[PDB]
Amino acid sequence: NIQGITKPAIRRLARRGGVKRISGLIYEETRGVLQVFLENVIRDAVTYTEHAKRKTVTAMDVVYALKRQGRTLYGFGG
Amino acid sequence: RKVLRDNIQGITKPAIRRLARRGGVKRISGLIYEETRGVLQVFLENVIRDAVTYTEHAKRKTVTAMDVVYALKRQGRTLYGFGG
Amino acid sequence: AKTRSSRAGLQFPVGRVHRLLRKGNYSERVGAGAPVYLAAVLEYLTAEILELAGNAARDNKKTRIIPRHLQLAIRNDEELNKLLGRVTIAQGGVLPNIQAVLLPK
Amino acid sequence: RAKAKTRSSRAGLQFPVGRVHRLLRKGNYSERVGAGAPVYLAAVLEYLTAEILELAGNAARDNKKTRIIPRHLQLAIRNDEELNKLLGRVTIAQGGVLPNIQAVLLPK
Amino acid sequence: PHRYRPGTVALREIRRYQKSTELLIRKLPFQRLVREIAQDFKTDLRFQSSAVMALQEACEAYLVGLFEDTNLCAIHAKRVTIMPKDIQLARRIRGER
Amino acid sequence: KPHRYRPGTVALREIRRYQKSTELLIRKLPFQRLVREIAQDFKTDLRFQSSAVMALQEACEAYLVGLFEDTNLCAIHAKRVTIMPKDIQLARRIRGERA
Amino acid sequence: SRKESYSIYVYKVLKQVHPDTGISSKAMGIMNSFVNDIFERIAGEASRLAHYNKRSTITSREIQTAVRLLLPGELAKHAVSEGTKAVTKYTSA
Amino acid sequence: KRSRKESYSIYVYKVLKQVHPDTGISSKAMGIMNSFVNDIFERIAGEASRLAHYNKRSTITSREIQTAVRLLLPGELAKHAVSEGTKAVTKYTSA
DNA sequence: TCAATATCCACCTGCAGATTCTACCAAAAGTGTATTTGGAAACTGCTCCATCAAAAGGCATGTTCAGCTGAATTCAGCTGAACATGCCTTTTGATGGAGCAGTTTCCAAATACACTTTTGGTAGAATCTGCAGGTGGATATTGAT
DNA sequence: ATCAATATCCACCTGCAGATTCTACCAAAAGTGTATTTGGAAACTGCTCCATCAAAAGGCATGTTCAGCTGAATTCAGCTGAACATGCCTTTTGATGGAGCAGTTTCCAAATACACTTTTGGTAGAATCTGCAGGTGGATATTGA
Ligand SMILES: [Cl-]
Ligand SMILES: [Cl-]
Ligand SMILES: [Cl-]
Ligand SMILES: [Cl-]
Ligand SMILES: [Mn+2]
Ligand SMILES: [Mn+2]
Ligand SMILES: [Mn+2]
Ligand SMILES: [Mn+2]
Ligand SMILES: [Mn+2]
Ligand SMILES: [Mn+2]
Ligand SMILES: [Mn+2]
Ligand SMILES: [Mn+2]
Ligand SMILES: [Mn+2]
Ligand SMILES: [Mn+2]
Ligand SMILES: [Mn+2]
């Protein structure tokens with residue numbers, strides 16, 4: 001399912017990053033990182049969720065989580 | 001009090017090499033010394049500035065070790081051992 | 001009769017800032033000018049970003065400030081960039097920049 | 001009246017439930033503080049200082065020392081993934097660094 | 001029958017993407033991925049479309065930021081190709097590893 | 001025919017040595033003057049708790065030591081073994097200190 | 001229900017620098033995050049300051065010192081200005 | 001005169017004897033231990049606080065301190081911390 | 001340099017989705033009074049910071065020398081970009097319906113208060129030892145041959 | 001391989017610089033009795049959020065060619081480590097004078113309470129508008145010959 005994050009997109013991401021030449025192994029490497037990122041943040045959000053005794057993760061739950069990871073995001077409530 | 005100047009040379013080549021060693025550095029380029037003094041300069045400045053601000057706001061003429069601790073934590077370099 | 005904001009010569013809700021400073025457990029008691037001062041500073045920085053952002057828009061022959069414009073406004077100013085270095089602006093994109101060693105010939 | 005028992009003893013803890021409870025109030029965190037908020041917070045702090053003194057005191061034994069010092073506290077922390085990640089941005093005065101040398105640096 | 005030399009289109013894509021801002025991961029897949037991990041933490045959850053968007057923005061930002069530090073590491077090694085070594089190196093200095 | 005350690009052997013000896021110790025490595029007095037010089041260039045007639053000058057040295061050495069590790073990681077990545085300014089600046093840039 | 005924000009004020013301050021310019025809502029979102037953030041930073045720092053100094057109250061004095069520790073060299077100057085000014089006025093009326 | 005100043009030294013020490021009866025803690029080492037106790041208290045207290053605020057709740061119950069603890073601590077460290085927290089609490093309330 | 005294939009850049013043009021705009025209500029944000037209290041003055045007890053003196057040797061500073069790096073080249077094997085294809089997974093819109101954040105009150109349990117007694121801590125004494133700093137003697141490493 | 005030259009490692013001492021254990025107040029827990037306040041809580045209700053279609057492109061998955069990028073291998077000037085001589089200056093030890101934290105007591109400007117009294121800011125619809133996005137048409141930028 002993470003495989004869903006296609007080579008082409010990982011390619012685009014790198015491009016905006018200023019990368020000109022990608023190594024074949026860069027793909028499976030990126031997915032791993034991407035997963036660890038989504039796992040650490042999603043886990044945090046859901047904890048905030050579960051705390052508010054809700055069954056719905058709200059954008060604030062992400063924002064708050066993201067702020068705990070030192071990944072402050074602007075545009076969804078703070 | 002005599003005038004203080006060029007004290008950043010107090011950080012001798014011997015010393016900086018020693019530090020690199022604890023940092024597990026085998027071979028040291030010749031320019032590393034002046035670069036290091038540069039980095040240390042800024043590190044100190046940034047940490048003293050903040051500490052000395054915590055002092056002024058306390059109407060004090062003495063920089064307490066706590067000022068430095070609060071200063072360091074603000075800088076993201078939490079220190080243990082003086083905090084209390 | 002007159003709102004503290006209009007009195008402080010401010011466009012920001014002094015009264016509101018004050019309520020919050022009180023609400024968000026910061027101190028036990030809140031000075032009477034802190035809500036003013038703080039609201040002054042907040043307004044300033046806001047005006048500071050908006051002008052640089054609006055200037056970013058005019059340079060794009062656009063008259064409405066979008067996120068791109070706020071990202072280009074910030075990342076291009078040492079001060080604002082340092083103050084917001086660990087913040088990410090959604091829909092902001094990135095400053096165009098390509099490392100030399102990557103150019104042709 | 002009745003004989004004074006401490007909340008700590010009621011809780012089966014060594015850390016000061018009373019003191020922790022006060023620090024909570026006087027600390028400007030929330031407006032009101034539940035009864036089991038200081039009991040739970042102490043318990044966790046008591047558990048953690050015990051998890052690192054166990055590890056620290058071993059580092060001390062491994063070095064023929066009977067008195068734990070900062071070095072020991074460092075090796076205790078920097079060797080336990082869990083604790084190291086936890087204190088991964090804290091620096092221990094007088095604690096040194098862990099003995100580690102990149103391979104490519106040794107003679108061949 | 002024309003053909004652009006290796007790297008040229010690549011630079012073009014760099015110029016095109018640093019200029020735009022649209023998200024670079026297909027929405028569906030991503031959302032499916034988010035929900036998949038979420039299930040592993042608490043079951044039968046719901047997601048504000050905006051919370052999913054929040055995550056994809058954050059996540060794409062992260063990845064791009066990391067691709068930059070990575071590229072700089074590849075250049076340091078006198079290369080122009082980013083490879084696992086580089087993401088690794090960068091992430092370690094970043095202190096995520 | 002005097003004995004002579006091949007270059008790089010004393011280094012390793014010094015590494016193995018300093019990682020085992022925890023003593024500060026910069027001389028106290030030289031470093032106290034640097035603190036006092038820098039400080040007074042922000043505000044005058046300042047005074048320092050002995051404890052405070054120490055808090056700062058522990059902090060700097062701690063910082064420079066740890067910086068050198070990343071710096072060594074960089075040199076190495078360059079298929080080198082000698083740290084050079086390039087390395088320190090790449091570390092600090094990625095470190096997010098000053099990109 | 002009600003869900004207050006800085007929107008009006010942002011937009012108000014906007015017309016004072018670019019009466020001619022408008023603003024996407026998405027942009028207005030980012031502008032709030034911003035004010036909330038900085039508001040939180042300064043407030044939090046001011047909160048600590050009082051504590052370090054065992055003071056029961058956060059005054060504009062903390063809010064200033066808090067702004068110096070928090071804002072980049074040049075930005076801080078102006079901010080301290082605007083703040084000191086905005087108070088001096090308010091208080092003499 | 002020389003106003004007294006609180007510490008966590010006493011308890012760090014008690015706990016020390018609990019795990020290593022024969023081991024003693026130096027002074028600087030105890031100096032660290034306090035920083036740690038304080039430091040981690042602050043982290044938990046704050047998140048606990050922040051958490052309550054997010055949920056328009058004026059009180060920090062033990063339930064706050066718990067979520068706080070799961071966000072702050074990692075892996076087992078958290079699991080054990082909670083086991084211990086919960087335990088120590090019901091025992092308290094359970095008379 | 002000449003020639004050809006694609007890119008890019010402009011100036012328009014025209015809906016379509018957002019945006020300013022045009023009205024109205026509870027929740028705040030001022031007011032007027034009364035009460036309460038934090039932390040600024042003033043003063044003074046006393047810690048401890050800045051200094052100065054002196055002696056001793058641990059180290060920083062400079063210099064000689066040459067091992068073995070880092071920086072250059074050269075070279076070609078093959079990893080990864082540019083492409084033309086082929087087709088299926090994602091994007092886009094409406095429903096339709098169920099789950100569920102969000103309110104809305106009740107109110108039994110849980111906190112905050114006021115302050116009165118009770119002790120656990122903290123600040124110096126009095127009492128103790130782990131081990132720093134030395135010394136030798138194995139053991140283990142390096143580096144020449 | 002084998003010494004010969006050093007450096008490292010371990011255990012054996014033992015006074016004393018710090019860590020323990022005592023002792024003795026008193027700041028602040030713990031007890032009680034007495035007002036708030038909190039936030040679960042059984043019902044209810046309009047959003048939001050999944051599901052389900054259901055087509056249409058895009059956009060991604062493939063298999064080709066070959067350009068040129070990354071290593072591997074070989075070189076070698078000279079940078080940087082090791083070893084030494086020389087003697088500077090940081091350390092160590094102490095003793096002193098006061099600059100200034102800190103501990104106590106006064107209380108007055110200032111912040112908090114309360115009770116109301118007005119004004120706003122947020123919430124829905126109501127009238128435009130700014131670009132996005134598509135369309136030539138004209139130089140650009142590449143790249144091959
Ligand atoms: Cl004030
Ligand atoms: Cl509780
Ligand atoms: Cl790799
Ligand atoms: Cl360099
Ligand atoms: Mn044990
Ligand atoms: Mn008082
Ligand atoms: Mn000399
Ligand atoms: Mn040579
Ligand atoms: Mn080499
Ligand atoms: Mn070829
Ligand atoms: Mn007792
Ligand atoms: Mn020894
Ligand atoms: Mn004086
Ligand atoms: Mn209005
Ligand atoms: Mn357009």
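The rules behind each value
- Residues numbered from 1 in each chain as written, not as in the entry; some residues may be left out.
- Chains lettered and ligands numbered in written order.
- Heavy atoms only, no water.
- Helix = DSSP H or I, 4+ residues; strand = E, 2+ residues; numbered from the N terminus.
- Rg over C-alpha atoms; globule rule 2.2 N^0.38 Å.
- Contact = heavy atoms within 4.5 Å.
- Buried area = accessible area lost by both parts, 1.4 Å probe.
- Salt bridge = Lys/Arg side-chain N within 4 Å of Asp/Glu carboxyl O.
- Polar contact = N/O pair within 3.5 Å; in protein donor to acceptor, adjacent residues only side chain to side chain.
- Near = heavy atom within 4 Å.
- Nonpolar A, V, L, I, M, F, W, Y, C, P; charged D, E, K, R; others polar.

Caption draft 1: Just the overall build of chain F, in detail. Along the backbone of chain F there are four helices and two strands. In sequence order, the secondary structure elements of chain F are arranged as α-α-β-α-β-α. In terms of overall size, chain F is more extended than a compact globule, its C-alpha atoms giving a radius of gyration of 18 Å where 99 residues would be expected to give roughly 13 Å. Its C-alpha atoms put chain F at 55 × 40 × 25 Å along the principal axes.

Caption draft 2: Region of interest: the interface of chain C and chain G. Chain C puts 53 residues into the contact, and the matching count from chain G is 56 residues. Surface buried jointly by chain C and chain G totals about 4,900 Å² across both partners, of which 72% is contributed by carbon and sulfur atoms. Taken together, chain C and chain G are joined by two salt bridges. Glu4(G) is the salt-bridge partner of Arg19(C), the closest N and O atoms lying 2.6 Å from each other. Scanning the region where chain C abuts chain G turns up 22 residue pairs in polar contact.

Caption draft 3: The protein's contact with DNA strand I, seen in detail. Taken together, 85 residues lie near DNA strand I, and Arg1(D), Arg3(E), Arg12(E), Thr57(G) and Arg2(H) sit nearest. Atoms of DNA strand I within 4 Å of the protein belong to the sugar or the phosphate in 95% of instances, the rest to bases. Note that a phosphate oxygen of DNA strand I is positioned 2.7 Å from one of the backbone N or O atoms of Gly24(A). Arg1(D) is positioned with one of its side-chain polar atoms (N or O) 2.5 Å from a sugar or linking oxygen of DNA strand I.

Caption draft 4: Here's a closer look at the interface of chain G and chain A. Each partner contributes to the interface: chain G provides seven residues, whereas chain A provides seven residues. For the pair chain G and chain A, the summed buried surface comes to about 470 Å²; carbon and sulfur atoms form 53% of the total. Together, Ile30(G), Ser33(G) and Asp37(G) form the three largest contributors to the area buried by chain G at its contact with chain A, with a combined 68%. The interface formed by chain G and chain A includes zero salt bridges. Where chain G meets chain A, there are three residue pairs in polar contact. Residue classes in the side of chain G that touches chain A are distributed as two nonpolar, three polar and two charged.

Fair warning: the whole summary comes from geometry, so function is off the table for now.
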